[PDB]
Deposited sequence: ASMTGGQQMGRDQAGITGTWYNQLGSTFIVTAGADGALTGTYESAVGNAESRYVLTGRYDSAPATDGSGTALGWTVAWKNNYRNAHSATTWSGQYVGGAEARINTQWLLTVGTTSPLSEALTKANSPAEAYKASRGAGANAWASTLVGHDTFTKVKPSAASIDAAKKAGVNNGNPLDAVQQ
């Protein structure tokens, strides 16, 4: 589970999620989006259930990226909420919320879904 989550993951858009799962429930790493107003890697942090169902069938987790790095600032942040499912074709299945700051409040949040796998 700690072991299952730690590593490099890829979504359906070609984005790359590099994460380390801590014994304490921490997620730390970097995110590189293949799309949008983004380039290179962005810091992420999050949390996961460090004592889930032992069958690896669904470990709840989430993380945040703020879209500011040394190259760009998109004045926005995405949070992903989902679960890690272990096994031969391990997956992290997520839904996400992307909020844009000021750069029309009602129109400030996009929603979508990303599925991450261990192979691109």
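According to the record, the deposited residues with no C-alpha atom in the structure span 1 to 11, 115 to 139, 157 to 181.
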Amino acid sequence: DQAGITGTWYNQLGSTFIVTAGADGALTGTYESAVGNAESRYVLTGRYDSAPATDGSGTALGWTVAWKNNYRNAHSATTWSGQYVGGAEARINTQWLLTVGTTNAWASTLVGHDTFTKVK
From here on, numbers count along this sequence of modelled residues.
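Between 66 to 74 and 51 to 59, the higher mean Cα B-factor belongs to 51 to 59. For the pair 81 to 89 and 40 to 48, the mean Cα B-factor is higher in 81 to 89. Among all modelled residues in this chain, the alpha-carbon of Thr16 has a temperature factor (C-alpha) in the middle third. Sort the chain's modelled residues by C-alpha temperature factor and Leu97 lands in the lowest third, per the entry. Residue-level temperature factors show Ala105 in the highest third of its chain, judged at the C-alpha atom.
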